[PDB]
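Presented below is the structure to which this report refers.
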Amino acid sequence: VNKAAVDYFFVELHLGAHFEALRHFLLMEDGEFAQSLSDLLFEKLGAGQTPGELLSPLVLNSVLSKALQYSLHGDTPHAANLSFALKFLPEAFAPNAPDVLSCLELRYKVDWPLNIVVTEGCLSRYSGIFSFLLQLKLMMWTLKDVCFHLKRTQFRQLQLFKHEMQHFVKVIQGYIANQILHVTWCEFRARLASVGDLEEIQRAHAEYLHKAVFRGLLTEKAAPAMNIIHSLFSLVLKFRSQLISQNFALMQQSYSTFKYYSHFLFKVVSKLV
Amino acid sequence: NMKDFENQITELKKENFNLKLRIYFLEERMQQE
Amino acid sequence: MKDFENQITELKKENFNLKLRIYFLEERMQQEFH
Amino acid sequence: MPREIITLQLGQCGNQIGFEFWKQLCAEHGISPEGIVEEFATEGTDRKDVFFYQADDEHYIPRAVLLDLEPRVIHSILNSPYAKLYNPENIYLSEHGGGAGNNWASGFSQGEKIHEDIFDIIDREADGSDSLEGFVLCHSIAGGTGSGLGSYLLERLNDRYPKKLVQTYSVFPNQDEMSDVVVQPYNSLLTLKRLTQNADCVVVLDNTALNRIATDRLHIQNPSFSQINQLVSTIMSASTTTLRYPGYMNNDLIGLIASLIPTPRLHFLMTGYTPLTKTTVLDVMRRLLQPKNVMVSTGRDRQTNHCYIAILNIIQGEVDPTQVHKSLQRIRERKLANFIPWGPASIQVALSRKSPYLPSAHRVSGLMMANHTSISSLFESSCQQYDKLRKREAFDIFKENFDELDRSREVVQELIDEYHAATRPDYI
């Protein structure tokens, strides 16, 4: 009975389709959407049009639909079903610190009663992954806008500093899921539903989601690492604004701090695992 | 969030209008009869 | 968000008034038509 | 919001390369060279509109105008349907049989006079783009026509598309054969000026190792221009492999190129092919670490220190991720190929994936772009070759005054010195 119920729930209930479309849109599976955003779309909200204007419902819905249409991977029903949720309303959009655009949170949709095994942990992990992807995309779009403003018409080594900063983030993202972890995460969620009870199937799915998050070293004890990364990202956003204007000091400091924080993070990683 | 409240306002405008219209139609029927 | 919630509450009050009048009119119709 | 990779063929060699690249984009996307895309292109992830814009008859029309300094390049291209995917206007051969006259001064004059024509053609071919990057100038700096047109039409196209880019490609003369006309120096000067002024990147091609590759590696000894055209078509298909077709990473392949083009002055990159006539990340690095093993002669000169600062390779092929990480670590930490010597312990290498119909000689088809001061030293050698028509007065850009050629040679030498500084931690 338990096996039959599990197979019926896991065969074609669109619950795993919800996770697949979340990984396709909440995590931007199609590179075309991200490229289009960083080339033309990441203009207003990238620096922040306005606390009220950047939160416009119709404009945001049109932007989401356009981002889905620019890519032939964000056409999934849950790709458009990625909705808006918030904890703090927009307050400021100064492009000096890393606060470029982190207001929107992607929330895909799943079938019912597939929420029998629904606990808060898996949804919270998915939302946090979407928020981290949004912050990384905000930093990358700030760099892209800096390059575009520089090319539109004391600034040397800016692109080198940007690449040095982005290398570790790209490595961590690939470790989370690039081509091997891209299937390992799927296999972990493929074993997410193998229990005789909804609580145990929920536990398996949540364990897979937590392992996917832990691949990026998302430990809660890393709040100081979050603070260090926040300082580095504020410097990165300020340097992106400076490079858009025409800073050289920001780039040199970015390279030096990249080396120093790399040594510090290596020491921390050695001390932890 | 606010999207649910915006949809609620859009539906509730028509809800209040429909309740008033049903009352008005009932009033017209009662006055005729 | 909160302004929309307040508008939802106001529309709930509007529907309340209209539908309470509707229930009163149904009472009047039950008193008159029968 | 889709994207399309535009281009423009200039010069006789440029137009031969343009026709070959239209055919290559069609084939790699899955479009038959006869001007109609086969239905097999739709199944694959190769987007024809990205490289060879499919016409209503599936004709994978490249977003480029096939204009030749020698009009015979496209006069006989009508018989061969390899450019039938392009629109009849897409094959826009230059009316003049001499084009811009194979003189660097006349080339700049022709490109600037075609400024209206170049801008109009860009606007006409810009319809098929929603999130594209920009246009190119697939030209040849061998004759001064190609390089002068490249620079002048680059200014004109920057005027037409300021927020976009028009990447000029200075395919210089055969480094293994002396030129009959010695006015090419101002052509190299103009190309170096267009590079260092605004463009973060610029293309310079030396045929010293390339002639050896064609004669022996490609086995085409005493070949015609078709060998060079075929190599250009292969390189265009390799680029469309990462642009038109989906790979494994680097969604912004142009972003990676801009990363290797971090400065308008440092506009030089080193290409690397492996093989160039079974590859783990480390094996591919061993197969293309040296500039000789690379497909572009990033000059091993002293004006720019021939130390590769950063590298980014379109290694078309899906290697294992654990092996990729191990090879990147070996390059970075074990000093096999360290990061930019101005940067901390890191790796300077990239990888790609092949096009839906583009194969690979090894596990990863190599076509690199290494921001190397060795490429800056190749630019320095070009600057030294840019004074042949100025100092010796050999054979507009030079005719009106040598200001363009001489200032461009000086700027090329200065950029060589700057990249010599940037190969090491003294970039400033």
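If you're wondering about the labels, chains in the structure tokens are A, B, ... by order shown, residues count from 1 in each chain, ligands from 1 in order shown.
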Output as a tab-separated table one row per residue of chain A within 12 Å of chain B: the closest atom pair and its distance in Å to one decimal place, counting only C-alpha atoms, sorted by chain and residue number ascending.
```
residue	atom	partner	partner_atom	distance
A:55	CA	B:2	CA	9.7
A:56	CA	B:3	CA	9.9
A:57	CA	B:3	CA	7.2
A:58	CA	B:3	CA	10.1
A:60	CA	B:3	CA	11.0
A:61	CA	B:3	CA	10.5
A:83	CA	B:3	CA	9.0
A:84	CA	B:1	CA	7.4
A:85	CA	B:1	CA	5.6
A:86	CA	B:1	CA	6.3
A:87	CA	B:1	CA	8.5
A:88	CA	B:1	CA	10.1
A:89	CA	B:1	CA	9.6
A:104	CA	B:1	CA	11.2
A:105	CA	B:1	CA	11.1
```
Checklist entry - Please, which residues of chain D lie no more than 7 Å from chain A when the count uses only C-alpha atoms, and can they be set out as a PyMOL selection string? => result chain D and resi 1-2+131+162-163+251-252+259+262-263+321+343-344
Write the residues you've just listed into a file as a tab-separated table (two decimals), in the first residue's frame, and include N, CA, C and O atoms for each of them.
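Result file is part-v6.tsv:
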```
chain	number	residue	atom	x	y	z
D	1	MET	N	13.14	38.05	-26.06
D	1	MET	CA	14.42	38.79	-26.28
D	1	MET	C	15.55	37.85	-26.69
D	1	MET	O	16.44	37.56	-25.89
D	2	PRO	N	15.51	37.37	-27.92
D	2	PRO	CA	16.60	36.53	-28.44
D	2	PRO	C	17.78	37.40	-28.87
D	2	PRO	O	17.73	38.62	-28.80
D	131	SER	N	18.36	40.59	-28.08
D	131	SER	CA	19.31	40.71	-26.98
D	131	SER	C	20.71	40.38	-27.47
D	131	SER	O	21.47	39.66	-26.81
D	162	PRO	N	26.15	53.29	-30.92
D	162	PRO	CA	27.07	53.65	-29.83
D	162	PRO	C	27.02	52.70	-28.65
D	162	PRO	O	28.07	52.32	-28.12
D	163	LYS	N	25.82	52.32	-28.20
D	163	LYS	CA	25.72	51.42	-27.06
D	163	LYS	C	26.16	50.01	-27.40
D	163	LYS	O	26.47	49.23	-26.49
D	251	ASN	N	27.50	31.53	-20.18
D	251	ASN	CA	26.40	32.04	-20.98
D	251	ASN	C	26.79	33.34	-21.68
D	251	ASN	O	26.37	33.60	-22.81
D	252	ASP	N	27.59	34.16	-21.00
D	252	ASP	CA	28.15	35.37	-21.60
D	252	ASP	C	29.55	35.07	-22.13
D	252	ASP	O	30.57	35.39	-21.53
D	259	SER	N	36.09	40.26	-20.51
D	259	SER	CA	36.99	40.04	-19.39
D	259	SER	C	38.44	39.88	-19.84
D	259	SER	O	39.35	40.41	-19.20
D	262	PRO	N	40.00	43.68	-20.93
D	262	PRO	CA	39.65	44.57	-19.81
D	262	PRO	C	39.96	46.04	-20.06
D	262	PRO	O	39.60	46.87	-19.21
D	263	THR	N	40.60	46.39	-21.17
D	263	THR	CA	40.99	47.76	-21.44
D	263	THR	C	41.03	48.00	-22.94
D	263	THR	O	41.46	47.12	-23.69
D	321	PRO	N	33.42	17.18	-14.47
D	321	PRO	CA	33.60	18.40	-13.67
D	321	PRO	C	34.71	18.22	-12.65
D	321	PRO	O	35.42	19.17	-12.33
D	343	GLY	N	47.16	39.10	-10.34
D	343	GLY	CA	46.10	38.61	-9.49
D	343	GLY	C	46.58	37.52	-8.57
D	343	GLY	O	47.69	36.99	-8.71
D	344	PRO	N	45.75	37.15	-7.60
D	344	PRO	CA	46.15	36.12	-6.64
D	344	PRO	C	46.13	34.72	-7.24
D	344	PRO	O	45.94	34.57	-8.45
```
Checklist entry - Near range 183-190 of chain A, within 8 Å and counting only C-alpha atoms, which residues show up once chain neighbours fewer than 2 positions away are dropped, as a ChimeraX atom specification? => result /A:177,179-181,192-193,204-205,208-209,212
Next on the checklist: Residues near range 9-26 of chain C, anyone? I mean within 6 Å using only C-alpha atoms, not counting same-chain ones fewer than 5 positions away, as a PyMOL selection string.
Outcome noted: chain B and resi 12+16+19-20+23
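Between CA of residue 100 in chain D and CA of residue 150 in chain D lies a distance of 10.9 Å.
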Item to check | Secondary structure check, strand (DSSP E or B) residues of range 45-198 of chain D, as JSON, numbers by chain | outcome: {"D": [52, 53, 54, 60, 61, 62, 63, 66, 134, 135, 136, 137, 138, 139, 165, 166, 167, 168, 169, 170, 171]}
Checklist entry - Leaving out residue 2 in chain A and any residue of its chain fewer than 6 positions from it, which residues lie within 10 Å of it when counting only C-alpha atoms, given as number ranges by chain? => result A: 8, 194-198
Written selection (N, CA, C and O atoms) as a PDB file, in the first residue's frame:
```
ATOM      1  N   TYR A   8       2.113   6.463  -7.023  1.00  0.00           N
ATOM      2  CA  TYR A   8       1.064   7.323  -7.562  1.00  0.00           C
ATOM      3  C   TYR A   8       1.387   8.795  -7.336  1.00  0.00           C
ATOM      4  O   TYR A   8       1.127   9.637  -8.204  1.00  0.00           O
ATOM      5  N   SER A 194      10.277   8.228  -1.088  1.00  0.00           N
ATOM      6  CA  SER A 194      10.413   6.779  -1.017  1.00  0.00           C
ATOM      7  C   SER A 194       9.917   6.227   0.315  1.00  0.00           C
ATOM      8  O   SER A 194      10.276   5.102   0.681  1.00  0.00           O
ATOM      9  N   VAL A 195       9.102   6.982   1.041  1.00  0.00           N
ATOM     10  CA  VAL A 195       8.723   6.632   2.396  1.00  0.00           C
ATOM     11  C   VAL A 195       7.306   6.077   2.395  1.00  0.00           C
ATOM     12  O   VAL A 195       6.512   6.309   1.480  1.00  0.00           O
ATOM     13  N   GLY A 196       6.986   5.327   3.448  1.00  0.00           N
ATOM     14  CA  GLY A 196       5.634   4.851   3.663  1.00  0.00           C
ATOM     15  C   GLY A 196       4.721   5.858   4.320  1.00  0.00           C
ATOM     16  O   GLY A 196       3.523   5.597   4.463  1.00  0.00           O
ATOM     17  N   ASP A 197       5.268   7.002   4.726  1.00  0.00           N
ATOM     18  CA  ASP A 197       4.493   8.077   5.320  1.00  0.00           C
ATOM     19  C   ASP A 197       4.929   9.407   4.721  1.00  0.00           C
ATOM     20  O   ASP A 197       6.080   9.577   4.293  1.00  0.00           O
ATOM     21  N   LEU A 198       3.993  10.362   4.718  1.00  0.00           N
ATOM     22  CA  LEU A 198       4.293  11.658   4.129  1.00  0.00           C
ATOM     23  C   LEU A 198       5.381  12.361   4.919  1.00  0.00           C
ATOM     24  O   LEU A 198       6.178  13.101   4.340  1.00  0.00           O
TER      25      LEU A 198
END
```
Next on the checklist: Please compute the CA of residue 213 in chain D-CA of residue 283 in chain D distance, one decimal, in Å.
Outcome noted: 20.6 Å
